[PDB]
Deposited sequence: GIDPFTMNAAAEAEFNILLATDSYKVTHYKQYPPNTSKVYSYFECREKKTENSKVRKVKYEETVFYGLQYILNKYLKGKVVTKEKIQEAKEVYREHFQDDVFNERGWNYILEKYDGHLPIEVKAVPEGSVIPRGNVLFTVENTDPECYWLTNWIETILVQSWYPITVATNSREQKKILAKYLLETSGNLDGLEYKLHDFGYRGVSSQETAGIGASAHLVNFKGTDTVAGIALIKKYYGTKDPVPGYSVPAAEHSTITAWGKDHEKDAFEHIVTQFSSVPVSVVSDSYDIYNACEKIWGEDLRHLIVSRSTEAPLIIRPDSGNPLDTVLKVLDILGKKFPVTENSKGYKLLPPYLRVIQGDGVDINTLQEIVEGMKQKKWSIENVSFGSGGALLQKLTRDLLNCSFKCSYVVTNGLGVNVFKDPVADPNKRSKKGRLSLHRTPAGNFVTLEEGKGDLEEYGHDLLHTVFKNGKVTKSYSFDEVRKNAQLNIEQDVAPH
């Protein structure tokens, strides 16, 4: 099915011919180059298990590569020899060593996160070949990081307005399934979000977690019964009340989310929920609340006006922090216009009008799982060290016009500092042992995963202070 020989930037096919003659080692590292001051390291284990481990080279896959690349370049540039070596010598197991910080670890920017080097001098070319597939770890890293930053904002404001962080892990739902570029992207994105939260509408995210990480948590992911516009609008413009009444009665004993902005969000909250069907809401259990979903207008203005309306029609309490609280059978979900920037504006506006964050949970789609790029955290793979004619050489780029594109020199290691911070030691200075043990661990060697983490370990490592 998958052919790792095809799974590279096609130009890398020619790179074995381009390295200095008598090169026995190519050593390369991945970092989130130097606001996202710290990144969550998550997703490498998925790639290692799915694509890189075991017998990944066959006679068929070498022949497929030869044909595919011959057409692509209109020239017989693909080299079977190096792949035939790996097939014959190691039964198609990749002779590379990958070291990495533990999955879920929170590491400041500008630090070595993983390194790759060949274990056989004949496979010097292989380190660079697998750059492309390993670099795609930027996505689960960037989703996990951006999601965790949104969790920080929710943590600050939930603690301020309620005095606790009860239910924090249910405050930001993944609605991104339709808004991402592929089914595979949806799975990886959902799992990266689930490092921080439990809410997703992509069950493939939980399947990815169970298969590639594993969990002792009986409920690692969840969702709630919810309406869409179609299940309201299908009743006709004049029968919105009938749609509401049908759905809350059909889901009387469980939580139900009901989109209320089909025609007039403010009419729906004040006249339909707040008057006509009030008796069907106030009778509902604390375990089975109505969640009103606005989905249009200015996100903050809409939330404030909805809470104002519900406050006028339902009994509002004031909690011990002096913040207004809706009854336990009634809540709101803001599933429109939420990203890292707007989330901050919304909880701040809610705090200024003395509404507890426990009143409103949040959802994000494209902004959560799609509107992220490799440049967000500057995720890149760079050659730092080579052995040529048996002599180690510390290598790096340093473009005269952009110092930010300078890469690190030589053999790298990651260390805790005395004050509890992080330092990446260059030029093999880790060997001086002036800091503790290297924080990177061998996770991959000669086609085998040597060190693995449960999703429980990932979540624990990725926790907030």
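The deposited sequence has C-alpha coordinates everywhere except the stretches 1-13, 48-58, 490-497.
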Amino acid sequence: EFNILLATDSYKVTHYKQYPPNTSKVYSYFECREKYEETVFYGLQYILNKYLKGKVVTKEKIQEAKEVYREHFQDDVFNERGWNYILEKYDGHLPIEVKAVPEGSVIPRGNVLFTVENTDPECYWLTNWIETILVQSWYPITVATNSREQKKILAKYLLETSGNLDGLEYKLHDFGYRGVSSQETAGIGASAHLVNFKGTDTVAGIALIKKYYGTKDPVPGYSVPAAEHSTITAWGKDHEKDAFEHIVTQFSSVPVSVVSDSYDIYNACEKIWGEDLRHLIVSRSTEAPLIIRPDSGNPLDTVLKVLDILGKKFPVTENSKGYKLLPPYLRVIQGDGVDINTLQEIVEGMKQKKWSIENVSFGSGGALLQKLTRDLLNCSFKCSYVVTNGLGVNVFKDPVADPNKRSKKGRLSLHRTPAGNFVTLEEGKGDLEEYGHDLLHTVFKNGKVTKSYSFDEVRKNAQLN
From here on, numbers count along this sequence of modelled residues.
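For the pair 235-243 and 176-184, the mean B factor over Cα atoms is greater in 235-243.
Looking at 52-60 and 25-33 together, the entry lists the larger mean B-factor for 52-60, computed on C-alpha atoms. As recorded in the entry, 76 carries the highest CA temperature factor of 264, 270, 76, 308. In the PDB entry, the Cα temperature factor peaks, among 149, 358, 80, 103, at 80. The PDB entry assigns residue 417 a C-alpha temperature factor belonging to the middle third of its chain's modelled residues. Ranked by C-alpha B-factor against the other modelled residues of its chain, residue 43 falls in the lowest third. Ranked by C-alpha B-factor against the other modelled residues of its chain, residue 354 falls in the highest third.
Annotation for residue 90: CA B-factor lies in the highest third of the chain's modelled residues. In the PDB entry, a CA B factor belonging to the middle third of its chain's modelled residues is recorded for residue 318.
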